[PDB]
Amino acid sequence: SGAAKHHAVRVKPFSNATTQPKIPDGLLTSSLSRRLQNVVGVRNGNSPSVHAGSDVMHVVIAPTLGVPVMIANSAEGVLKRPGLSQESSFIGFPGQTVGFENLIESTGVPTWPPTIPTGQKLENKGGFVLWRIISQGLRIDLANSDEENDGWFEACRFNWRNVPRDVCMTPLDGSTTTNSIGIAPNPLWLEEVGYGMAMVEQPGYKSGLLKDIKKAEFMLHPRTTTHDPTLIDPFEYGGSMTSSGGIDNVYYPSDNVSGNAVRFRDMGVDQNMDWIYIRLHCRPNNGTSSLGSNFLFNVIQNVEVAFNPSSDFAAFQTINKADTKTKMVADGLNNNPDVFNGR
Amino acid sequence: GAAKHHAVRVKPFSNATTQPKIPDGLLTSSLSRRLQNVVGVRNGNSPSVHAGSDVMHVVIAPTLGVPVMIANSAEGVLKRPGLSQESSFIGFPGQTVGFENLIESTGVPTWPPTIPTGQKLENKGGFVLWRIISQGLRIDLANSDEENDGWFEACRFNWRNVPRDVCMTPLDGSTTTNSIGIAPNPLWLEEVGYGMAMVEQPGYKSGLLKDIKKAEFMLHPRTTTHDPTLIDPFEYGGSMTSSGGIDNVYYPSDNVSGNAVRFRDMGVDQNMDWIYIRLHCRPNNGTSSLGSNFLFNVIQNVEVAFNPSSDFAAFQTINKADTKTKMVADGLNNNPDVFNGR
Amino acid sequence: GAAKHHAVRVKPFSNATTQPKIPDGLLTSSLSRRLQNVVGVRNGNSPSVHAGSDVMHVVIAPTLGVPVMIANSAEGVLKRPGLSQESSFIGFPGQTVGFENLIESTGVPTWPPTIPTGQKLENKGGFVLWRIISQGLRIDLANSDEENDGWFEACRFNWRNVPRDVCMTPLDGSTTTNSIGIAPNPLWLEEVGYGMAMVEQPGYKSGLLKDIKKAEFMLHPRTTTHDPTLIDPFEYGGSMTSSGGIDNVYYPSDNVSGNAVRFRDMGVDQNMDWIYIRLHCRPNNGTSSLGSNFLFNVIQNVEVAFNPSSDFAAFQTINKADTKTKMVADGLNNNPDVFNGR
Amino acid sequence: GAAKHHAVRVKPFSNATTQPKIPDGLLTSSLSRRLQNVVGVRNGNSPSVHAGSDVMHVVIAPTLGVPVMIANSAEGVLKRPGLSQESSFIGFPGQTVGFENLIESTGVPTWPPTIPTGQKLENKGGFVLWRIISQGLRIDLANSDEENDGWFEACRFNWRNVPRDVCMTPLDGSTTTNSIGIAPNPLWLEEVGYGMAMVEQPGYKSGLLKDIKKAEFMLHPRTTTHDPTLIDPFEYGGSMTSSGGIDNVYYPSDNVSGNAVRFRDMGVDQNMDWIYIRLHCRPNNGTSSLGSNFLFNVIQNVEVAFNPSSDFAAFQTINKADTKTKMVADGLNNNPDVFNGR
Amino acid sequence: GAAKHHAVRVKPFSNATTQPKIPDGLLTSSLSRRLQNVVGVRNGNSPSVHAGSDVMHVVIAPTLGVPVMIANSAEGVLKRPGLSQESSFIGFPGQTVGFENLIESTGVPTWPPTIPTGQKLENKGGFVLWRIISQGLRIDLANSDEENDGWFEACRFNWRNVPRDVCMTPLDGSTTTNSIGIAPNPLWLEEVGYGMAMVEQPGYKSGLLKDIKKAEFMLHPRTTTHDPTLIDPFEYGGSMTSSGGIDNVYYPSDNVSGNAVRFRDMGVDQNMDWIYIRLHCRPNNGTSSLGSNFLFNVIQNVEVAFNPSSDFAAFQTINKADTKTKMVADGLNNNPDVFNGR
């Protein structure tokens, strides 16, 4: 049937079954989908202070809108965020429908970084307010030569604590300056949960060699029950959002109890999905004799949205027909807690 | 009888039962009311706001109490001159649903609200959880064969969910009664509706006004579970505003306050889509052409869970889940056509 | 496999499994705890508030940690004299659930809260998502056969959903311990309970106190997806309040603040209904006649999704969806009878 | 079905129909409600007013909303100490009937009334014409075999129709709610009831309290046409008064003002007789004897004509005249016996 | 799977799918858009060109973006007085297709073109290959029933294929907007249309204007492979021309230049035929009688192959060949009737 391609994309995020996947449950009567993808080379960094004497690169793949991947202790992170935000780098989906634009609220002039405490406005540029994740996957390949392919990795999926300050907003293209913004997992989660986490005790935890990580594939799991959409609400902020104050330009709620913090958390995250945390114990990188482990990151976030009539995409929307196999497809998918499976 | 419930679900004006429900077993004890109103509507002769324009703009939204807003209406021109797009509203007065505005400190009922003084929007329905079983609109042109020209175009759409797109106004369509309901805000036309490319929306249709009596407009639900809407307590000051004139149409001052989002959530069944209609009517200039006369028949079938303090709580019955509910919903919403035959 | 889960769903006190679930596959990885408590309750001898009254008022609510509130109990009269309707609370101390009040600036645990100074209600469970698999109360008249007179009446109702109808108090029923849960507020009796004509409510039943040992009260879930509740971070200054006395029962200071709605949403499983019970007991004069003594047995089967930091995360198991879940829920909630044969 | 209407006419607690009427065709379009309430009652331990007296005085009158007044009640002693004969009231809260007191100039709801400031007693029922199809009271002694002593005596009588014999008080039996109904005034006991020669009234009966569970008290209608009662607009100042204390029982200041007569006429169905009961209970001294415990079950079957502004007007049905109505009424009222078997 | 595609192929206005295709597997990766427009058209009141004439001439051509040209329309008389036969154009503004005129040396967009200075017609779609899945026109007489007189006649014909029979004008029907499409040139009426004896053409039909609402005009494709059109880069100086007036309708200055043939080939899907319609309307004197007002509804379903630079490239889907494509096309084109029952 026609739902076969949708189910295939549901269980295999990188599947080539269809360019316009859907969750065939009939929730979004008329909707369109985009397969957001990005491929980036990532290398563990040589940090002077924050990750001094550490060859561990920390990866969080989260169901956030636009910037699902956060990497701490990457060379790009050390370059772009020196000593700030855990020297992290972000992989997002620039030049694709989703995203926001920061404006000065009083005048409407786009502005990045935000000039807080002055009033700001995150303008939703996607032409949609309801969105959900069909499936989200990450593929990591060790791109070093055979004489430098040493190291290992550990990974586990987990139930996120839903703390507003665990998510942040950063440019979709991974820079610190472009005013096309997405929602990313905050590096603050690493130093409050991630670094101290007892990974081995999490169900589904797995480990392996970096030279074999190219055979692994990490994907988030949805619920077996109906996958409710996330509603993007209007968002304006003054001092209710904050950053480290440095050139990293990673902004997150100033606290966890304000109404803005909860609104930001709810609108920026698909809370039907789980999170995955990966530690890459890489080849050392000191810049003189060891130059770290270079990786190939391939992240795909399949998203279904309901476009509003003002959008030019509203003409392309198609009908979402409910299928009888959707629930059992999802249950079969999420009945295995293994953090990764073979490609 | 699940068959009668399904019949009402797919045909809002069906007479299968007087107590329809969504037979999914979500609300354990509940009671439903089929809110209805019949109103005559004519495109207005506005001096400035719609000067020279023969288009009457109709929005049918899944709001509690006042589903229909009509801009460039003769009633709108008379009641709300030069304000709120000279709109008129069709609601459900004298039926259980509704609110009453009070001055919060003293408790004195007060309409229009005395902003910035603290106000309270008291829920008078005796319920806090509500949902829409089905909503329908029927329009008939009431002109003679010598005056029955014109055409219409309509489409359903996914609403952008902006708090200022909804407003609160008297249920009976007046500006003073103080039996308030939630309506689509005429400000939606100024920002989305007027400049909207209707022809590009899926399910868009057009037709002649003389043939609109054979059409029927209904909102479409989701195929999945139809979650109910919760009415929260509502007190406000400067967080709500209006045009400041005698139109007495009030709405959130901005789109970002907590009150704005609470108002949006509680006033709208966000499981249902919206429909927009443009009526290209006979000109109404006041001297040589006197417009198109319409009969509007709007029905909103609502299911609520009454609280024990209500004088309707004793009449609640059980909601029994039926197997065919999802199939009925999917069959209903699989066709995006804005209207069908009656 | 899922038969034990269904058994616990329909029978809260069933011995089928120590780790029940709602087998719908909603929480992929989750663990469950069967929160239970057995207490002895007798009607009190109030000097002023319930002076001369022989009625104990019991509310069974789907609140996290302290589901039962008893007004005009001996323990209520002793611990909370002339305050909060001299009510007692039955909670689940020493088990996983609960909060801890802190001074926000320093993090030092502190009970009672030092209003209006900034307080933080730290969630001490390792979970943020929780839902009630099933909740039930058993009441046993422990009086001698010679003193078995009296009668009771009960009803289930759709809850007002007002923030001030819920409160926070120590889990162990005291006023001093800094392990806090969420309880139905005795203010609900003042506003709704006392003035309710219970006999009119659907599913209302009455019986003799000597036959209450054969009855079982249990809340009714929905037939649709039992969506979980999210515990949000909570910090309060003047947004919470109390009677000002030593009863230390704290609740939102109004029904409209952001904290009020957050508290109400996070503390209550809104997929369940509430139960109100009136116990008409033997009089308690304090010296010679000690009224009626009961055995209260309340069980709240809760499913939670533990976060990584929790030591319980290692024990979580996979929730597999079962085909009979909807049928079981609908069969359970299709009967509005407030109690069924034990 | 005239048979079901007649069955309800002669047996107030009959379950023949949920929509009884007097099938005489007087009210063309009407809707009926079976108002009911169940209350536990105990004879009180009064310090001064009923000191040393074990007699609890019960009046059941055809008043709208609060048919039963009970003097020397434990609830009366607690709620209305030393005032209004320490009476308690059984009404019908949360059911359609009732009034709301407002301050006339500002319209602010206000209970207790702020006399001498101008007040308004707003009719909240949505109707102005009402009548009683049948009214019944059932009393059961709830004491054990070791404490079930005592006796009772009762009689029906023609009421003297004195305005101060009726009063207005909250429907739910409290002193503060501000959902008002009409009750027999405890002042009737001080002027007629207490000194009344009950044994001389036709139909007088007596019995043991332990056997009162087998009795049933109902008011008798006329055999001729049962004319409806009209609720007039009511605004008052010094024309109404109370004891001045916290009992909040209000009644006409004199018996001759226009307001007094209007209050009397609108609050009472003057086609029905009154019944007076004396319960000679177990002593309630507070230490060695703790009184008799009763279950009061009162039902008032009312037929009204709803006005078009009411949210009940849509549900009204036709009253069809039946041939046997007069025979049924005459057979009912031909026996003056105060009570019969259940 | 392909049933929806076939439905759109035979019924241009069908609601089967928002992304139709010709399922022949010609374009491996492609996306489709259903270009639609609904406009009101009435016959004009010309001073000179069509002075006293009641005939509107309509050409439905397979031109990219502006398929319909109407001569002697009110809009044509207003926008293009005494020029280009006072014609109107119905195009598809704001949708993906279209061009932008530039000054070739600087790249600055410029409309109207600054002949004879070098101009560039930049293709603003992200595609170079395009073909028409199906094209249809619906005409609805919007006049009142009293003024429904008149008749129409139409025929389909094999097109001359002369470059000057096509032109470029703004997509939105104006003369100023710099979003350009390809339209049938009104010069074709002067050379062919006006002098055509339509009644002799095969498939010719005539009817009454009051019955045109029941007719549907659609172009006929071939039964063989529907080869796509290629949009070539286009730069022009004197090779293009206009009337020299403010109508801004531009077309090749001769039929033999390389640019003339390139323009003709790239702007027209030559697998389709053309349709010519004559509408004989009520007279329009400009003051009292306004002629006949129609509702024009034209849909052009186009399949394109987007190039990598386009943002639409990500949305392209696989075109799978279907066995019924040839049969569907042959069944469609085997009937030469110019219109069929709607």
# chains A, B, ... in the order shown; residues from 1 in each chain; ligands from 1

call {"tool": "residues_around", "arguments": {"residues": "residue 316 (chain D)", "least_positions_apart": "4", "cutoff": "10 Å", "atoms": "only C-alpha atoms", "output": "short mmCIF file (atom, residue, chain, number, x, y, z; two decimals) with C-alpha atoms, in the first residue's frame"}}
result
data_model
loop_
_atom_site.label_atom_id
_atom_site.label_comp_id
_atom_site.auth_asym_id
_atom_site.auth_seq_id
_atom_site.Cartn_x
_atom_site.Cartn_y
_atom_site.Cartn_z
CA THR D 28 -49.26 24.85 27.59
CA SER D 29 -45.46 24.51 27.41
CA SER D 30 -43.63 23.53 30.57
CA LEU D 31 -40.81 21.51 32.08
CA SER D 32 -40.68 19.83 35.47
CA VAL D 304 -42.60 25.46 35.77
CA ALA D 305 -43.08 27.46 32.58
CA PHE D 306 -39.65 28.57 31.38
CA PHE D 312 -34.14 25.24 29.60
#

call {"tool": "interface_residues", "arguments": {"of": "chain C", "to": "chain B", "cutoff": "10 Å", "atoms": "only C-alpha atoms", "output": "PDB file with C-alpha atoms, in the first residue's frame"}}
result
ATOM      1  CA  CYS C 155     -20.566  10.147  44.403  1.00  0.00           C
ATOM      2  CA  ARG C 156     -18.001  10.655  41.665  1.00  0.00           C
ATOM      3  CA  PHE C 157     -17.904  13.992  39.876  1.00  0.00           C
ATOM      4  CA  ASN C 158     -16.162  15.901  37.103  1.00  0.00           C
ATOM      5  CA  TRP C 159     -13.693  18.155  38.877  1.00  0.00           C
ATOM      6  CA  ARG C 160     -14.007  21.943  38.855  1.00  0.00           C
ATOM      7  CA  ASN C 161     -10.301  22.080  37.862  1.00  0.00           C
ATOM      8  CA  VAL C 162      -9.746  25.126  40.097  1.00  0.00           C
ATOM      9  CA  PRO C 163      -6.135  25.608  41.303  1.00  0.00           C
ATOM     10  CA  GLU C 191     -16.958  25.995  48.038  1.00  0.00           C
ATOM     11  CA  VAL C 192     -18.456  22.804  46.565  1.00  0.00           C
ATOM     12  CA  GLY C 193     -18.561  19.798  48.865  1.00  0.00           C
ATOM     13  CA  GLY C 195     -23.322  22.558  49.534  1.00  0.00           C
ATOM     14  CA  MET C 196     -23.574  19.585  47.176  1.00  0.00           C
ATOM     15  CA  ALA C 197     -26.861  17.698  46.924  1.00  0.00           C
ATOM     16  CA  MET C 198     -25.128  14.364  46.445  1.00  0.00           C
ATOM     17  CA  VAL C 199     -28.322  12.380  45.845  1.00  0.00           C
ATOM     18  CA  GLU C 200     -28.794  14.158  42.496  1.00  0.00           C
ATOM     19  CA  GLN C 201     -25.363  13.244  41.109  1.00  0.00           C
ATOM     20  CA  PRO C 202     -25.251  10.326  38.638  1.00  0.00           C
ATOM     21  CA  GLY C 203     -23.802   7.150  40.094  1.00  0.00           C
ATOM     22  CA  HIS C 220     -12.357   5.907  36.724  1.00  0.00           C
ATOM     23  CA  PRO C 221      -9.842   6.618  33.924  1.00  0.00           C
ATOM     24  CA  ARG C 222     -10.719   7.421  30.325  1.00  0.00           C
ATOM     25  CA  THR C 223     -11.097   4.902  27.519  1.00  0.00           C
ATOM     26  CA  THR C 224      -8.700   6.923  25.338  1.00  0.00           C
ATOM     27  CA  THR C 225      -4.937   7.383  25.685  1.00  0.00           C
ATOM     28  CA  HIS C 226      -3.958   8.020  29.307  1.00  0.00           C
ATOM     29  CA  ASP C 254      -5.295  32.902  43.638  1.00  0.00           C
ATOM     30  CA  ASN C 255      -6.679  30.901  40.727  1.00  0.00           C
ATOM     31  CA  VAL C 256      -5.271  33.024  37.886  1.00  0.00           C
ATOM     32  CA  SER C 257      -1.494  33.286  38.360  1.00  0.00           C
ATOM     33  CA  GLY C 258       0.890  31.288  36.209  1.00  0.00           C
ATOM     34  CA  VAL C 261      -2.161  26.824  36.875  1.00  0.00           C
ATOM     35  CA  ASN C 271      -7.529  11.969  33.077  1.00  0.00           C
ATOM     36  CA  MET C 272      -9.205  10.719  36.279  1.00  0.00           C
ATOM     37  CA  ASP C 273     -12.362  11.765  38.090  1.00  0.00           C
ATOM     38  CA  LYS C 326      -9.044   0.256  25.474  1.00  0.00           C
ATOM     39  CA  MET C 327     -11.577  -2.516  26.090  1.00  0.00           C
ATOM     40  CA  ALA C 329     -10.706   0.885  30.345  1.00  0.00           C
ATOM     41  CA  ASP C 330     -14.119   1.206  28.686  1.00  0.00           C
ATOM     42  CA  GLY C 331     -15.495  -1.740  30.637  1.00  0.00           C
ATOM     43  CA  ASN C 333     -15.586   3.376  33.281  1.00  0.00           C
ATOM     44  CA  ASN C 334     -18.904   2.422  31.647  1.00  0.00           C
ATOM     45  CA  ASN C 335     -20.429   2.065  35.137  1.00  0.00           C
ATOM     46  CA  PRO C 336     -20.815   5.341  37.102  1.00  0.00           C
TER      47      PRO C 336
END

call {"tool": "calpha_fit_rmsd", "arguments": {"fixed": "chain D", "moving": "chain E"}}
result
0.5 Å

call {"tool": "closest_residue", "arguments": {"among": "E:119, E:144, E:17, E:176", "to": "chain A", "atoms": "only C-alpha atoms"}}
result
E:17

call {"tool": "residues_around", "arguments": {"residues": "residue 183 (chain E)", "least_positions_apart": "5", "cutoff": "6 Å", "atoms": "only C-alpha atoms", "output": "PyMOL selection string"}}
result
chain E and resi 63+66-67+166-168

call {"tool": "write_last_selection", "arguments": {"atoms": "N, CA, C and O atoms", "output": "PDB file, in the first residue's frame"}}
result
ATOM      1  N   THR E  63      -0.271  28.146 -23.031  1.00  0.00           N
ATOM      2  CA  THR E  63       0.863  29.025 -22.797  1.00  0.00           C
ATOM      3  C   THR E  63       1.219  29.027 -21.317  1.00  0.00           C
ATOM      4  O   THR E  63       0.342  28.927 -20.456  1.00  0.00           O
ATOM      5  N   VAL E  66      -0.052  32.384 -18.483  1.00  0.00           N
ATOM      6  CA  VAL E  66      -1.204  33.221 -18.813  1.00  0.00           C
ATOM      7  C   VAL E  66      -2.019  32.530 -19.899  1.00  0.00           C
ATOM      8  O   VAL E  66      -2.019  32.977 -21.053  1.00  0.00           O
ATOM      9  N   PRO E  67      -2.737  31.453 -19.578  1.00  0.00           N
ATOM     10  CA  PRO E  67      -3.380  30.657 -20.635  1.00  0.00           C
ATOM     11  C   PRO E  67      -4.583  31.314 -21.298  1.00  0.00           C
ATOM     12  O   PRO E  67      -4.968  30.873 -22.385  1.00  0.00           O
ATOM     13  N   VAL E 166       1.621  34.557 -29.920  1.00  0.00           N
ATOM     14  CA  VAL E 166       1.833  34.503 -28.482  1.00  0.00           C
ATOM     15  C   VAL E 166       2.585  35.755 -28.061  1.00  0.00           C
ATOM     16  O   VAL E 166       3.271  36.395 -28.864  1.00  0.00           O
ATOM     17  N   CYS E 167       2.444  36.104 -26.789  1.00  0.00           N
ATOM     18  CA  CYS E 167       2.992  37.341 -26.258  1.00  0.00           C
ATOM     19  C   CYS E 167       3.357  37.121 -24.798  1.00  0.00           C
ATOM     20  O   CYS E 167       3.075  36.072 -24.218  1.00  0.00           O
ATOM     21  N   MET E 168       3.987  38.129 -24.205  1.00  0.00           N
ATOM     22  CA  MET E 168       4.336  38.108 -22.793  1.00  0.00           C
ATOM     23  C   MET E 168       3.716  39.314 -22.103  1.00  0.00           C
ATOM     24  O   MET E 168       3.778  40.432 -22.623  1.00  0.00           O
TER      25      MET E 168
END

call {"tool": "residues_around", "arguments": {"residues": "region 68-81 of chain A", "least_positions_apart": "5", "cutoff": "8 Å", "atoms": "only C-alpha atoms", "output": "compact mmCIF listing (two decimals) with N, CA and C atoms, in the first residue's frame"}}
result
# COMPACT_ATOMS: atom_id res chain seq x y z
N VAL A 42 33.48 16.24 11.60
CA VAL A 42 33.67 16.61 12.99
C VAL A 42 34.95 15.96 13.51
N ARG A 43 35.74 16.72 14.26
CA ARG A 43 36.99 16.26 14.84
C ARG A 43 37.04 16.67 16.30
N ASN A 44 37.52 15.78 17.16
CA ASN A 44 37.68 16.13 18.57
C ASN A 44 38.74 17.21 18.71
N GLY A 45 38.44 18.22 19.52
CA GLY A 45 39.28 19.40 19.59
C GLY A 45 40.45 19.26 20.54
N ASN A 46 41.31 20.27 20.51
CA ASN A 46 42.44 20.39 21.43
C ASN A 46 42.18 21.63 22.27
N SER A 47 41.47 21.45 23.38
CA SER A 47 41.09 22.61 24.18
C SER A 47 42.16 22.90 25.23
N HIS A 51 38.35 21.42 28.27
CA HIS A 51 38.54 19.98 28.09
C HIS A 51 40.02 19.61 28.12
N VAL A 56 37.60 12.97 25.06
CA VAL A 56 36.22 12.53 24.97
C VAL A 56 35.40 13.64 24.32
N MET A 57 34.75 13.31 23.21
CA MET A 57 33.83 14.21 22.54
C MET A 57 32.41 13.79 22.88
N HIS A 58 31.62 14.73 23.37
CA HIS A 58 30.28 14.45 23.87
C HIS A 58 29.25 14.89 22.84
N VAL A 59 28.39 13.97 22.44
CA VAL A 59 27.38 14.20 21.42
C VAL A 59 26.01 13.98 22.03
N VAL A 60 25.11 14.93 21.82
CA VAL A 60 23.71 14.80 22.22
C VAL A 60 22.86 15.00 20.97
N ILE A 61 22.06 13.99 20.64
CA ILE A 61 21.11 14.07 19.54
C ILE A 61 19.73 14.19 20.17
N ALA A 62 19.10 15.35 20.01
CA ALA A 62 17.86 15.67 20.68
C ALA A 62 16.77 15.98 19.66
N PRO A 63 15.50 15.78 20.02
CA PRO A 63 14.39 16.10 19.12
C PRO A 63 14.02 17.58 19.13
N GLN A 86 31.00 25.02 26.78
CA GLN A 86 31.70 23.74 26.71
C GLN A 86 32.42 23.56 25.37
N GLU A 87 32.73 24.66 24.69
CA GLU A 87 33.41 24.61 23.39
C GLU A 87 32.69 23.67 22.44
N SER A 88 31.39 23.88 22.30
CA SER A 88 30.54 22.98 21.54
C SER A 88 30.32 23.50 20.12
N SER A 89 29.92 22.58 19.25
CA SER A 89 29.49 22.92 17.90
C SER A 89 28.15 22.25 17.64
N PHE A 90 27.37 22.85 16.75
CA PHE A 90 26.01 22.42 16.49
C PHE A 90 25.85 22.06 15.02
N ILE A 91 25.13 20.98 14.74
CA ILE A 91 24.76 20.60 13.39
C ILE A 91 23.26 20.86 13.25
N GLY A 92 22.90 21.76 12.35
CA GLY A 92 21.51 22.10 12.12
C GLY A 92 21.11 21.94 10.68
N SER A 175 27.18 28.52 12.74
CA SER A 175 27.97 29.69 13.06
C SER A 175 27.44 30.35 14.33
N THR A 176 28.13 31.40 14.76
CA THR A 176 27.68 32.20 15.88
C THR A 176 27.06 33.52 15.46
N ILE A 183 16.58 25.53 17.35
CA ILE A 183 16.56 25.07 18.74
C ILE A 183 17.50 23.88 18.86
N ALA A 184 18.40 23.94 19.82
CA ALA A 184 19.45 22.95 20.01
C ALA A 184 19.47 22.46 21.45
N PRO A 185 19.99 21.27 21.70
CA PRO A 185 20.22 20.85 23.09
C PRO A 185 21.33 21.66 23.71
N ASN A 186 21.06 22.22 24.88
CA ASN A 186 22.01 23.11 25.53
C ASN A 186 23.21 22.31 26.04
N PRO A 187 24.44 22.80 25.86
CA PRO A 187 25.58 22.16 26.53
C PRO A 187 25.48 22.17 28.04
N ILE A 247 31.26 35.53 22.95
CA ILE A 247 31.06 35.56 21.51
C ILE A 247 30.46 34.24 21.02
N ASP A 248 30.15 33.33 21.94
CA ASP A 248 29.55 32.06 21.55
C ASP A 248 28.11 32.24 21.07
N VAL A 299 23.13 13.52 9.92
CA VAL A 299 21.94 13.61 10.75
C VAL A 299 20.75 13.95 9.86
N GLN A 301 16.48 14.64 10.20
CA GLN A 301 15.26 14.85 11.02
C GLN A 301 14.05 14.97 10.09

call {"tool": "select_by_dssp", "arguments": {"residues": "region 280-341 of chain D", "states": "alpha helix (DSSP H)", "output": "list in words"}}
result
residues 325, 326, 327, 328, 329, 330, 331, 332 and 333 of chain D

call {"tool": "write_last_selection", "arguments": {"atoms": "C-alpha atoms", "output": "PDB file, in the first residue's frame"}}
result
ATOM      1  CA  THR D 325     -56.773  14.135  37.316  1.00  0.00           C
ATOM      2  CA  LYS D 326     -59.607  15.285  39.586  1.00  0.00           C
ATOM      3  CA  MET D 327     -60.377  11.748  40.759  1.00  0.00           C
ATOM      4  CA  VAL D 328     -56.702  11.194  41.581  1.00  0.00           C
ATOM      5  CA  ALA D 329     -56.480  14.439  43.554  1.00  0.00           C
ATOM      6  CA  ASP D 330     -59.703  13.777  45.472  1.00  0.00           C
ATOM      7  CA  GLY D 331     -58.667  10.222  46.299  1.00  0.00           C
ATOM      8  CA  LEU D 332     -55.328  11.527  47.541  1.00  0.00           C
ATOM      9  CA  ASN D 333     -56.681  14.295  49.778  1.00  0.00           C
TER      10      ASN D 333
END
